[PDB]
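Here is the structure we will look at.
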Amino acid sequence: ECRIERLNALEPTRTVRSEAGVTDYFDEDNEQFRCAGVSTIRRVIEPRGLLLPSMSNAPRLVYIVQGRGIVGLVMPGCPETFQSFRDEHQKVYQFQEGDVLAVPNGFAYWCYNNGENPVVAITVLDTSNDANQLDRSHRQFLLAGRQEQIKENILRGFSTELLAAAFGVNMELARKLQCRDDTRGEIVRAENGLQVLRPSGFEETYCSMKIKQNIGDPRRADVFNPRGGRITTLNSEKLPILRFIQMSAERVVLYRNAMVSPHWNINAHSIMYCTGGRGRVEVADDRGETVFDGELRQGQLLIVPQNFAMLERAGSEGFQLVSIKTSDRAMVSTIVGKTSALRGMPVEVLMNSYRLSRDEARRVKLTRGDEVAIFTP
Amino acid sequence: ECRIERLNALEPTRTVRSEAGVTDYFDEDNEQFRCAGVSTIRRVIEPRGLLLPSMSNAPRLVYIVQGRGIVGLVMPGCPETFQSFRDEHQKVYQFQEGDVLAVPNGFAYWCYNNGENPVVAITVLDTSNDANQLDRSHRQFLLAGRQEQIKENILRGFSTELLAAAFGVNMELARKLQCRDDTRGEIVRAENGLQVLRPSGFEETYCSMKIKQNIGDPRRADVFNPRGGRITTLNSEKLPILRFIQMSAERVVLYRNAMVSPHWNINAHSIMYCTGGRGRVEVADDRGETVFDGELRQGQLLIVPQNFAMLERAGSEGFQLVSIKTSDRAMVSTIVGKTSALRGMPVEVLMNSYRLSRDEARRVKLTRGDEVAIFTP
Amino acid sequence: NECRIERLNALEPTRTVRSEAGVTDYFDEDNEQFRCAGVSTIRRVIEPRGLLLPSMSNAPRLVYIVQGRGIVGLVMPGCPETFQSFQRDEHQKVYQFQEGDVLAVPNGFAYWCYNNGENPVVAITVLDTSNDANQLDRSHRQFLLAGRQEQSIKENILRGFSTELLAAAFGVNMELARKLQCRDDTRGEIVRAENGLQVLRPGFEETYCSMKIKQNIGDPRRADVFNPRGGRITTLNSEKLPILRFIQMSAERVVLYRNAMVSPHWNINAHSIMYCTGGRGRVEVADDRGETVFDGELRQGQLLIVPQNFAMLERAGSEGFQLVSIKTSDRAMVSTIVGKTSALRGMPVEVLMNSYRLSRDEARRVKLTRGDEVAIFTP
Amino acid sequence: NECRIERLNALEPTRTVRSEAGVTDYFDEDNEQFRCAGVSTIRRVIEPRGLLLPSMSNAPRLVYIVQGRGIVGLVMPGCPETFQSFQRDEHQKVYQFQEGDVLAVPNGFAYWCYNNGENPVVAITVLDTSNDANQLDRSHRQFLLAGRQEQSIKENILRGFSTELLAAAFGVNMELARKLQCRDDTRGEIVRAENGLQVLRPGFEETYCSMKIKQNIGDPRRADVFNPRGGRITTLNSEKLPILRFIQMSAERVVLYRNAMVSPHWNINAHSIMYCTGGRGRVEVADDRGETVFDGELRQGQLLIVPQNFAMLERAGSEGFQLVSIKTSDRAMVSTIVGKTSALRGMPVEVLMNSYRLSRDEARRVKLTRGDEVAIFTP
Amino acid sequence: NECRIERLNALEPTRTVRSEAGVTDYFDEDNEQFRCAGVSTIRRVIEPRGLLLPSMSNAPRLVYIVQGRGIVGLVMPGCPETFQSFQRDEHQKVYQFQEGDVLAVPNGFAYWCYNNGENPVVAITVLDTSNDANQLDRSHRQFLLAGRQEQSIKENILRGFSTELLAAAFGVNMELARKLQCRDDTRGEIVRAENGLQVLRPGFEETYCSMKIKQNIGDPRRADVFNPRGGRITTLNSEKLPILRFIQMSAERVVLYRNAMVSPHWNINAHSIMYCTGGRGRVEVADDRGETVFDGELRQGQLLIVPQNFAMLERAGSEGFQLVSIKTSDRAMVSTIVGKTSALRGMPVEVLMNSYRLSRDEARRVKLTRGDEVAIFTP
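Chains as they are written, first to last, in PDB author numbering: chain B, 44 to 128, 143 to 206, 217 to 267, 282 to 458; chain B', 44 to 128, 143 to 206, 217 to 267, 282 to 458; chain A, 43 to 129, 143 to 206, 216 to 266, 282 to 458; chain A', 43 to 129, 143 to 206, 216 to 266, 282 to 458; chain A'', 43 to 129, 143 to 206, 216 to 266, 282 to 458. A prime marks a further copy of an entry chain.
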């Protein structure tokens, strides 16, 4: 199924409006998504919107395109370290635009928007991940509420009598936990704001894992040309939990007319989402065939399969994207540039390969031979 | 195929009586077994019954429900450390009820019952394990005898002339090794008992791996409530070879009317086999749909898929089960209890999620909030 | 070994070397407590527009930015220069730091630091000279790539080379090779950039060459433990910052509100090098003799080494009490005595009864009075 | 280092401290052989109904239960209490031990031990004070959580804290905090529970918090090497008990039948701390000088350190000969000289001919006479 | 620690022990430089038909074959004999070595070496006596399985055993057991095989028992760095030879053509034990004081220890200059000062300007003149 002749700029194909936001869904059955083995979701969470606790069968990365807020990830078996003597809960993470959040499969996750603007969050679930032992699709298990599809929360699957016995509660509260008459969807409004505990042994190790890393801050660039742009990579050498999640991310900001050097992805598929600006992408496959040659703009997604070669040139407005890759420590090999396949070949190998002269072969490898990955012609 | 709407209490569907016992087979083609990616077998070995040497394409865990005896696992390339100057063979392991045995794929394994009672042994083979590079089903390779299906031993596949040449034996003994007229099946009788050598460098490392661990002894419980019962987990932090086998086990004994707190399996499927007593199981899926709600009793098996939520309440007679999980270090997340998803959430998150008051949300998380996993209402 | 310490005491810098654009305060690594912990500690103040010259050390280190902001450069040998502009400059990536940042510098890597704000930078550095990474002696050996520094004046390593071979090696003339040797420099290791310092700043090189070396632990939003009337704790180890698994050191930022307490605890697998950044507090430390080996206040600028396994207790004064601790292990762990995750809460009541000759009621009061509470005990 | 030992000798406890419900025998960790091995050894006898008070050590240890049965508690900080009853008590899981058990206690973890049988428990403990886990001095530092012990009397760590802060920390009154400090206790570290000791006993916490800490090696059925007329050997390392890969220690139970032999061997990657639990046997040890550094009997209660690489040989007397060895490495390995897995059997006959100036026949007799035999050589 | 070295100097063997079929030269492991590096070094010459008798050492080692060819045997305990012929002999696999080979021998494994060519074998061996594998003292302890050697004469380990028990252990008579003890041997540890030495040579045992122990680094075709007018470098670490990750040592073969240079560099994570195999060259070494601690020639047969972090520079004479270095770490790494992968090339021009008080032009000349060049700088 990865033998696809065409790529398209994808957009969500089904929206579900909840009380306090919307959830956009890309088609996990598209032949490109099946090739990469992922599902992607975009949510918008209005101010005072609360994304209800749920867990998924697939590990995921969340990129915060817009807004700020608090996220909660419950690590089972870990003690509650935030407390007041009044509440007690597990630590809460405050996020802002440019952040990447890593949620392991099987962990309960909730999200609250305490900002002035909507939070826009793009999520890529690796449904092909070895951690997922169910089928190759996103299975979401809701802990509260209900989601229009429709989707009831897991507690509704228990007889209220035993739910009452398990929780130690009278059958009327046990019934309430089943959320039967709820029609708010999976993003509800906290009308008068949500107050959580917030500042302003073995639990110091596994329970204190970092789940969030900012990649949008320009000061964090790994590659920088002041007339071309910047690239910021995120993998387990920055965020340790990604060695388990087995996915990487990349923030790319190209300035006016800048280019990302032609390259292929060595060990991963790349799921790119344009957050702003405009640019042309060109993708080439193993036949030597163009499989994409088009403009990408804000809100659109394109899947570049492993080993396909790819090229980008920003428009006059610049070009900003975030890419999720289906490997930890995802790597590219550039075709030309300082660290390139061609810069590493003997000149006579280039001469006989491309039927070129010595001077032409030297131009091929040495013209860009000192530039890393962001060009400016 | 893991998208199954119903679970049933399973039982073997085909029995094969051998000279000194029977082998029961669950249907590896059942949609639940295909979802979990396992095969299970139950054997009964009468006193003086010998299970003939064989090896399988899938790693396996064996739980000894009843009886005692000796097992032999040949580790290729390891020296024979049991010897008398008369025999010489590899070390032999003496097992009893409650033991779990781990047999890697590709290793030759035999079992002898030197007790007064039958040995009853349940086996779960992980046919989806990365160690299995054949097809996703149990392929058993018999080293001696023949098994009614029918199934000849691998030596019958060799021409007796070369079998004679390889072994260095005359063609009449080489013919005998092919077990042509044998009709005893895979469990034969050692009429006058089996005598093996038995007490009463690099081979100290890999060759001395522990393959057996007892989980039935109550004194070994990891979780204990004297009015509820006990839970005993087995993974690579107890038995190192399980990091390779990639499976875990659990012994659960619930006392009269006790409950196992609602939980889901984070990183594994759970294959439970009721060894005794009686209890009700309730299982809920990602739609919020009941997919099982029934009584389980001795000799029955139920497959709880990864991430499905599940609840058990023992009957008046108590309830004992053993579970095999398709991961090393298999973990659950409880919904309520001391280490629970809900105990870890801020109260206002619960209030807005379940449309509850503060007092009700506090009852939900704090009523059982000090109890670990075994309740007694 | 010097870990049979009769008494502990709070420490302050013994010698102070003034440079052109800052000062370096050295704690005495020959003090028994530093010798027991196997560390050397230095404090630096870098005035605005001051550049700490490139140098490398035999020991891995953690730097805590007490105050200020600026630019840090860590040169990873064999990694490409990925910051570049054409039309001028190319160099490796530069790291912009701020108050509360922890920086991890492996031994043997060249490092430099520039203050581009208008307030002075104050850095506290703990070097693990007992680390197996250091195969020299158990002392801080600093190798300057440029400049000179009053230890007695330590020269840069190029000064050790003959002029002719250095010219040959660098492919330049004798005059320039002589200037690299920095013969008559009087500025020290923190020098003034009077024109400001302009640098460029906003395959396999995406892996090891892109290791994060910096993590902020001062930000309140990052707390791992928090009680609104007691304070907060933020831990730093390899589960947050991967390189620490090679550095083999951890850090902790503790901020105690008025009159609050850190539960009595001992460090399980590490020594703790505690530095007070603000406020005032009472610290008591007990050893394996049951003797009080410290019972004193700590104030801003003072340092206290708490040895592994020693039990300790802290209470903020009316002003609060803030510190940063550096611990001599990756994934340093503590064991509390009382509280929700503590040694006593894990023991059967009757073990405690017989141990302390207590009634069941007294046992349950010792065990359950704080049994719900995290390490930050509200007054 | 003290490993240039002229002679070895069998060791016995130097000092003996009597407690209310038992005694603790200390071997001398300052002996050259203990200093060469980098260990401290203690033997304890715990009378019935005696409780060893909770304490923690700077060094990881292996305990071998020579005799008796009872209950052990190991508190893992930050793990939930999973033994609980409601209607009363909650604590961490308790471990029931018996003769032949090996218990592994990481440094820095609180540990207690109760004898609930009617015969005394005899425990032999080897502490690896050279372990990298121990960042204090190379001696056994024990930190009592309760009680007092004649080292000179060592107080518990709470005695090091001031009464007022301990009351504040524990959230209790001054009277109770004073009693925790155990001022006037005369019982020592093994105390009598006259009413018996009743304890409860039949997510992530299913992983590290559920580490097995105990493994039986005395059971004959567990042998790794067995000859019905020679005896048996049972090895304990991280391939059986995972925690040992962090403890970095291994164990071995050797039981030799009348007049049998353990093949000459050397320890490849560890020192061997050998303790005789019964019987009598001849041990000969040879060093790198070809000198006999030990040639003596061993009987019940005696200890012998065999340094790494030293070659050694054992022969039981007419009574048999039983020992337990503790080795200073995970996955400790030996190299036999003769036998099926040995150095000589692996060498070409002509190498042996030229090495010993032997005929081919003599070479083959040296090489093949025992060439079929495991390490237990029948008389 | 002795790593506060005022001066370095080139070393040569202090004592020389002559055997029947060769000689062993010992460098002085008590020299400050060897004590700083934590190594012992020996050179052996093995005449044709000479056999180095089987022995094992407390320290892991790397052997470099400077000259000759022959057969090596390493006995891995508990591995099957896989070289066998029936009709006679069976033994473990034998390793045929040649000039330029590096052999890695773990501590505690029996090793022997036979010269089956007609030119003498010259082996240079570096033993890491500071390796954590060695739990004895920090000196080279060699345990002979056969023979005797003038250290004073060291006996083989079997000489330490009583004759009667050795006979019993080996299952042979008293006369043969006495001959194994090699009482009156006068040959030393390299003995003549006058009839030649004939050996056999062309499951789990396919894994650990089949570890490669030998790798050639002398072959020009194997270069990692090469400039046709400067020379070549070939690195050996665990990315080529897996066992080195346990040996924790690396090697390097440097061959400099006439007048070429190795770029100024420091060793990041290891000491360097440099031995000159041919030619002549100038080495300059600088320390953390900026002092010249070495400035001399090196010629064939001389040894130089360069401590970790010390900066060093080498220039071949008109004859070229060849060496082998052994480094005290797996995956030993260097940091160049100038060149394509260097510290200075990674730094912003303005950092260099302010550091050395240089113009932008001077800065760019220091940074870019060699900025394209690998570690081998052509004259």
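Every residue gets a Cβ at the ideal spot worked out from N, C-alpha and C, and that includes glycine.
Taking only three categories from DSSP, how would you classify residue 218 of chain A''? strand
Given residue 263 of chain A'', which residues of its chain have a CB within under 6 Å of its CB, disregarding the five upstream and five downstream residues? 149
Rounded straight-line distance, which links the Cα of residue 301 of chain B to that of residue 197 of chain A'': 55 Å
Mapping DSSP to helix, strand and coil, what is residue 325 of chain A''? helix
Find out if the Cβ-Cβ distance for the pair residue 296 of chain A', residue 324 of chain A' is shorter than 8 Å. no
Taking only beta-carbon atoms, is residue 277 of chain A less than 8 Å away from chain A'? You won't find residue 277 of chain A in this model, because chain A goes from 266 right to 282.
Run of the alpha helix (DSSP H) containing residue 232 of chain A, from where it starts to where it stops: Under the DSSP assignment, residue 232 of chain A falls in the alpha helix (DSSP H) whose first and last residues are 227-234.
Strictly under 8 Å for the Cβ-Cβ distance: is residue 308 of chain A'' near chain A' by that measure? no
Between the beta-carbon of residue 75 of chain A and the beta-carbon of residue 176 of chain A, is there less than 8 Å? Cβ distance not < 8 Å, so residue 75 of chain A and residue 176 of chain A don't count as in contact.
Residue 75 of chain A' lies in the alpha helix (DSSP H); which residues open and close that run? 74-79
Please confirm whether residue 283 of chain B has its beta-carbon closer than 8 Å to some beta-carbon of chain A'. yes
For residue 462 of chain B', count neighbouring Cβ atoms within 10 angstroms of its own Cβ and tell me buried if that reaches 16, exposed if not. Because residue 462 of chain B' is not part of the residues shown, which for chain B' are 44 to 458, the question remains open.
Can you list, in chain order, the residues of its chain whose CB lies under 7 Å from that of residue 308 of chain A, leaving out five sequence neighbours each side? 336, 457
Residue 428 of chain B - DSSP class collapsed to helix/strand/coil: helix
What's the C-alpha gap between residue 416 of chain A'' and residue 234 of chain A? C-alpha separation (whole angstroms): 9 Å.
Anything in the segment 236-251 of chain A'' with a Cβ closer than 8 Å to a Cβ of chain A'? List those residues in chain order, please. 236, 240, 243, 244, 246, 249
Should residue 134 of chain B and residue 376 of chain B be called a contact, given that it needs their Cβ atoms to be closer than 8 Å? Between 128 and 143, chain B has no modelled residues, which means residue 134 of chain B does not appear in the coordinates.
Once the 5 residues before and after residue 421 of chain A are set aside, which same chain residues still bring their CB inside 6 Å of it? 415
Residue 440 of chain A'' by DSSP, collapsed to three states: which one? helix
Using a Cβ-Cβ cut-off of 6 Å (strictly less than) and excluding sequence neighbours within five positions of residue 334 of chain B, which residues of its own chain qualify? 310, 311, 401
With distances taken Cα to Cα, identify the nearest neighbour of residue 167 of chain A' among A/158, A/349, A/429. A/429
For a cutoff of 8 Å on Cβ pairs, would you count residue 119 of chain A'' as touching chain A'? yes
Would a check of beta-carbon distances place residue 122 of chain B closer than 8 Å to chain A'? yes
Could you tell me if residue 60 of chain B' is buried or exposed, where buried requires 16 or more neighbouring beta carbons within 10 angstroms of its beta carbon? Residue 60 of chain B' comes out exposed.
Which ranges would you report for the alpha helix (DSSP H) in the segment 318-393 of chain B' if only whole runs of at least 4 residues count? Correct list: 323-326.
Would residue 64 of chain B' and residue 86 of chain B' qualify as a contact pair, given that the criterion is a beta-carbon distance under 8 Å? For the pair residue 64 of chain B' and residue 86 of chain B', the CB atoms are nearer than the 8 Å cut-off.
For residue 406 of chain A versus residue 350 of chain A, is the C-beta spacing smaller than 8 Å? yes
Residues that residue 84 of chain A' bridges to, as DSSP identifies them: A'/68, A'/180
For a contact defined as C-beta to C-beta under 8 Å, what are the partners of residue 323 of chain A'' on chain A'? Neighbours of residue 323 of chain A'' on chain A': none; closest Cβ ~17 Å, over 8 Å.
Hey, how far is the Cα of residue 328 of chain A from the Cα of residue 156 of chain A? 15 Å
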